[PDB]
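Chemist: I'd like to ask some things about the structure below.
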Amino acid sequence: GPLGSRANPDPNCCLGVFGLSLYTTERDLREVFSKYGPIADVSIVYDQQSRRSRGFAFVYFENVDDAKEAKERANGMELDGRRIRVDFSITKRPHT
């Protein structure tokens with residue numbers, strides 16, 4: 001149902017996208033998200049034993065301002081009959 005408590009209030013060119021369909025593709029995500037500016041890539045998350053989608057993905061813009069427009073426009077809309085959610089994200093690297 002409804003949810004207000006989940007958010008990432010820190011802008012970046014990387015967005016995480018959640019609540020997708022098992023039939024959603026990186027083409028359909030490009031078709032939803034390229035409305036807001038240039039895209040570097042898009043990657044869906046898949047299960048490592050059953051090889052199906054896990055219902056979430058990450059979208060990578062060329063600039064933080066394109067990702068800001070996208071996060072204000074796509075967050076909470078409908079795609080393939082499934083009602084999504086969209087938030088800012090960041091990359092990671094090992095360190096010692």
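Order determines the names: the first chain of the structure tokens is A, the second B, and so forth; residues in each chain are numbered 1 upward, and ligands are numbered 1 upward as they are shown.
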What's around residue A:79 at 9 Å? Count only C-alpha atoms, leave out sequence neighbours fewer than 6 positions away in its own chain, and write the answer as JSON, numbers by chain.
Modeler: {"A": [20, 21, 24, 28, 29, 32]}
Chemist: Using backbone DSSP assignments, extract all alpha helix (DSSP H) residues from chain A; output them as a PyMOL selection string.
Modeler: chain A and resi 26-33+64-74
Chemist: Please identify all polymer residues within 7 Å of residue A:58, counting only C-alpha atoms, omitting same-chain residues fewer than 5 positions from it, and present them as a compact mmCIF listing (two decimals) with N, CA, C and O atoms, in the first residue's frame.
Modeler:
```txt
# COMPACT_ATOMS: atom_id res chain seq x y z
N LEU A 15 20.13 6.93 -10.44
CA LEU A 15 18.83 6.66 -9.83
C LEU A 15 18.59 5.16 -9.70
O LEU A 15 18.86 4.41 -10.64
N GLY A 16 18.04 4.73 -8.57
CA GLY A 16 17.49 3.40 -8.36
C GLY A 16 15.98 3.43 -8.62
O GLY A 16 15.31 4.41 -8.29
N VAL A 17 15.47 2.36 -9.22
CA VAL A 17 14.08 2.23 -9.69
C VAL A 17 13.54 0.90 -9.17
O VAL A 17 14.15 -0.15 -9.39
N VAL A 42 21.49 1.76 -18.38
CA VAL A 42 20.43 1.24 -17.51
C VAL A 42 20.69 -0.26 -17.26
O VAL A 42 21.01 -0.99 -18.20
N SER A 43 20.52 -0.71 -16.02
CA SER A 43 20.78 -2.10 -15.59
C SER A 43 19.68 -2.62 -14.65
O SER A 43 19.43 -2.05 -13.59
N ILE A 44 19.02 -3.73 -15.01
CA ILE A 44 18.02 -4.42 -14.18
C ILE A 44 18.71 -5.48 -13.30
O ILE A 44 19.71 -6.06 -13.72
```
Chemist: Which is closer to residue A:70 than all the others in A:41, A:10, A:87, A:47, using only C-alpha atoms?
Modeler: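 The closest residue to residue A:70 is A:87.
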Chemist: So which one's closest to residue A:12, A:93, A:85, A:72, A:61? Using only C-alpha atoms, please.
Modeler: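 Using only C-alpha atoms, residue A:12 sits closest to A:61.
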Chemist: Pick the closest to residue A:2 from A:25, A:76, A:39, A:68: which is it, counting only C-alpha atoms?
Modeler: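 Looking only at the distances to residue A:2, the closest residue turns out to be A:76.
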Chemist: Report the distance between atom CA of residue A:55 and atom CA of residue A:18 in Å, rounded to one decimal place.
Modeler: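 Going from atom CA of residue A:55 over to atom CA of residue A:18 covers 6.4 Å.
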Chemist: When distances are computed from only C-alpha atoms, which of A:64, A:4, A:30, A:51 shows the smallest separation from residue A:89?
Modeler: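 Using only C-alpha atoms, residue A:89 sits closest to A:64.
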